[PDB]
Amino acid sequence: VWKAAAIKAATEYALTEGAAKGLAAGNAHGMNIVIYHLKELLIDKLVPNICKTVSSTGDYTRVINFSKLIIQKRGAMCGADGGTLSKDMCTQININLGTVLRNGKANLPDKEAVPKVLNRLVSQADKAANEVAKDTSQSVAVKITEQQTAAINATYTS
């Protein structure tokens, strides 16, 4: 009447549930920080519909796509024409995009700079999301594995 079969099935169901919860929790933390940095880097000012336009898609890796759009919007609002944002606005926006470099000099031509920094932002989210993903997956699995073997010991008593 050996309980090995039930514990194998309890732990297998344990692993698959814990991987799932850890994925959902993982690449949902990872969008939380992408949405946090886009607001921090003033990109929100370049395109006002960006926090939702990226979140409503799931998959935070997809912000890479908005590169050409930011480049366009950056030149249109902080161009040589005189621009539509404040000069101090544009000073920081250029700094954050890594395009004009805090001490005054030129960093990168804007075509390299925008794709670079949000490739940096996705790589910085992947480590955090994989971190949350394996904490949550282990936390959930050992929690539901112990309750299930506790109930499987409780069941063989009767």
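Numbers follow the displayed sequence, beginning with 1.
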Mean CA B-factor: is it higher for 48 to 56 or for 111 to 119? 48 to 56
Ranking every modelled residue in this chain by its Cα temperature factor as given in the entry, which third contains residue 61? highest
Which third, lowest, middle or highest, does the CA B-factor of residue 26 fall in along this chain? middle
Could you look up the Cα B-factor of residue 103 in the entry and say which third of the chain it sits in: lowest, middle or highest? highest
Which third of the chain does residue 67 land in by C-alpha B-factor: lowest, middle or highest? middle
Split the chain's modelled residues into thirds by Cα B-factor; is residue 136 in the lowest, middle or highest one? lowest
